[PDB]
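Let me begin by presenting the structure, written as structure tokens, before commenting on it.
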Amino acid sequence: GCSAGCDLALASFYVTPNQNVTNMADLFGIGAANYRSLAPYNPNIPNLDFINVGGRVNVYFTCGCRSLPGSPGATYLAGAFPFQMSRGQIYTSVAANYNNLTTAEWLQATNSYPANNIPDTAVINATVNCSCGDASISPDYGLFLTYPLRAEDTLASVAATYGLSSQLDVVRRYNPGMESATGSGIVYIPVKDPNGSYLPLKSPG
Ligand SMILES: CC(=O)N[C@@H]1[C@@H](O)[C@H](O[C@@H]2O[C@H](CO)[C@@H](O[C@@H]3O[C@H](CO)[C@@H](O[C@@H]4O[C@H](CO)[C@@H](O[C@@H]5O[C@H](CO)[C@@H](O[C@@H]6O[C@H](CO)[C@@H](O)[C@H](O)[C@H]6NC(C)=O)[C@H](O)[C@H]5NC(C)=O)[C@H](O)[C@H]4NC(C)=O)[C@H](O)[C@H]3NC(C)=O)[C@H](O)[C@H]2NC(C)=O)[C@@H](CO)O[C@H]1O
Ligand SMILES: *[C@@H]1O[C@H](CO[C@@H]2O[C@@H](C)[C@@H](O)[C@@H](O)[C@@H]2O)[C@@H](O[C@@H]2O[C@H](CO)[C@@H](O[C@@H]3O[C@H](CO)[C@@H](O)[C@H](O)[C@@H]3O)[C@H](O)[C@H]2NC(C)=O)[C@H](O[C@@H]2O[C@@H](C)[C@@H](O)[C@@H](O)[C@@H]2O)[C@H]1NC(C)=O
Ligand SMILES: *[C@@H]1O[C@H](CO)[C@@H](O[C@@H]2O[C@H](CO)[C@@H](O)[C@H](O)[C@H]2NC(C)=O)[C@H](O)[C@H]1NC(C)=O
Ligand SMILES: *[C@@H]1O[C@H](CO)[C@@H](O[C@@H]2O[C@H](CO)[C@@H](O)[C@H](O)[C@H]2NC(C)=O)[C@H](O)[C@H]1NC(C)=O
Numbered sequence: 029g030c031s032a033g034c035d036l037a038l039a040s041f042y043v044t045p046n047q048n049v050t051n052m053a054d055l056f057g058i059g060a061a062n063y064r065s066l067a068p069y070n071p072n073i074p075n076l077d078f079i080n081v082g083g084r085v086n087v088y089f090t091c092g093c094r095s096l097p098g099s100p101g102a103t104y105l106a107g108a109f110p111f112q113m114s115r116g117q118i119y120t121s122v123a124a125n126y127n128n129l130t131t132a133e134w135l136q137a138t139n140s141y142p143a144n145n146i147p148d149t150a151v152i153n154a155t156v157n158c159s160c161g162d163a164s165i166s167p168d169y170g171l172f173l174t175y176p177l178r179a180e181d182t183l184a185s186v187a188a189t190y191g192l193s194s195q196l197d198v199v200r201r202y203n204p205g206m207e208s209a210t211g212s213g214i215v216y217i218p219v220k221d222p223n224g225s226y227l228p229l230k231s232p233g
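Position 68, counted from 1, in the sequence shown is what the deposited numbering calls 96; the numbers after and before it change by one each time, with no gaps.
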């Protein structure tokens, strides 16, 4: 499980036709009015009004350690984005906006209401998995990108895309159960902060 979280994680949001950055900001609790706060995390997107289909946008969030409701002692690391309910909304339609960053089944598992009886006045959480690293794996990496595999993607090919081929062994240790996965599932990739650091971890006591 997890003991505590960290204050920053990133998600790789694949760009589909007619997506826009204010909508991505809204989905991650940033608020449309503050979408420009995404610029330092996306140096390859100099104009946030133009995002190309098939591109990716990095979106930031806080990574909290949460208990899974109704499960025995299970905890997990994720960002939680409150979503105000109204009549007509279902876990499937909430999850649809995040593409492969979450799933209806995972929203059901992380929220405390049964799918078939969510009160119309309640607030549910859209939850996106993250990692904060592990000092016992490496003190070097304290910032991770949540990357949904798609198409032919493998952990090796993704890690190579982010310059991490020579550390692939270490990358595999952050992604247990996904060393053999291809084209589907979420992997966590160490990435550099806007100031160019991997944000090394403090020595635990
Ligand atoms: C086919 C294949 O293999 N794959 C694909 C396939 O997945 C796609 O099909 C779609 O799949 C999804 C996932 O399985 C289906 O999603 C499910 O859909 C059902 C039906 O809509 C959902 O069930 C409804 O859930 C809502 C929300 O909980 C219920 O609404 C609530 O109802 C209660 C009671 O009526 C309301 O409470 C009342 O409120 C009043 C007002 O204050 C109060 O006075 C009363 O006291 C109070 N009553 C009580 C008892 O408390 C409550 O307000 C309301 N909530 C809201 C927000 O409105 C609703 O009743 C449920 N309906 C039924 C029936 O159970 C279910 O939650 C949902 N699951 C998930 C996980 O989201 C989807 O239906 C399906 N689509 C189709 C078309 O079949 C297909 C197609 O896309 O693609 C394939 O590829
Ligand atoms: C930024 O994108 C938002 C999301 O767009 C949706 O997701 C993307 C990834 C892509 O799949 C698009 O094809 C989707 O629409 C835009 O908001 C969406 O706006 C549409 C309406 O254009 C709305 O769809 C439906 O509209 C019918 C109309 O009959 C209505 O009955 C339905 O209930 C439903 O509203 C979506 O709900 C809406 N999505 C969200 C998450 O809000 C957004 O469009 C701009 O804002 C909306 C509210 C309208 O004013 C649009 O006309 C307006 O252009 C995009 N923002 C900008 C600035 O372009
Ligand atoms: C988010 O992360 C949690 C925790 O890793 C995932 O839940 C685990 O899924 C595996 C299946 O690969 C199970 O063996 C574990 O028992 C699950 N743990 C818990 C606490 O439920 C979850 O699947 C991830 N969500 C998404 C959308 O990838
Ligand atoms: C969404 O996640 C939040 C945590 O960020 C949950 O917040 C809890 O809400 C209940 C309301 O009865 C409070 O009693 C708890 O103290 C809250 N926990 C906190 C603030 O850590 C909330 O329950 C989640 N929503 C759903 C639908 O599961």
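Don't be surprised by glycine CBs; every beta carbon is placed ideally from N, CA and C.
Inset, instruction - Consider the C-beta atom of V151 and the heavy atoms of ligand 4; say whether any pair is separated by less than 7 Å. - result: yes
Legend entry - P218, DSSP secondary structure in three states: If DSSP states are grouped into helix, strand and coil, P218 belongs with the strands.
Legend entry - Where the beta strand (DSSP E) through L38 begins and ends: For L38, the enclosing beta strand (DSSP E) begins and ends at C34 to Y42.
Legend entry - beta-carbon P232 near ligand 4 non-hydrogen atom, thresh 7 Å: no
Legend entry - Where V151 falls, given that 16 or more other Cβ within 10 Å makes a residue buried: It is exposed - the Cβ of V151 has fewer than 16 other Cβ atoms within 10 Å.
Inset, instruction - Can you tell me the Cβ-Cβ gap for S65 and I58, rounded? I've got them flagged as a contact below 8 Å. - result: 6 Å
Inset, instruction - Have a look at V199 and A32 and give me their C-alpha separation to the nearest angstrom. - result: 21 Å
Inset, instruction - Could you tell me if the beta carbon of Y126 falls within a distance shorter than 7 Å of some heavy atom in ligand 1? - result: no
Inset, instruction - Could you have a look at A187 and say whether DSSP puts it in helix, strand or coil? - result: Helix.
Inset, instruction - Identify the continuous beta strand (DSSP E) that holds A106 and give its terminal residues. - result: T103 to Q112
Inset, instruction - State the start and end residues of the unbroken beta strand (DSSP E) segment that holds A154. - result: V151 to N157
Inset, instruction - List the residues that DSSP assigns as beta-bridge partners of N223. - result: Note: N223 sits in no beta bridge, so no partner.
Inset, instruction - Indicate whether the contact test is met: 3 or more Cβ pairs, each with one atom in the stretch 148-164 and one in the stretch 104-117, closer than 8 Å. - result: At 8 Å Cβ cutoff, the stretches touch.
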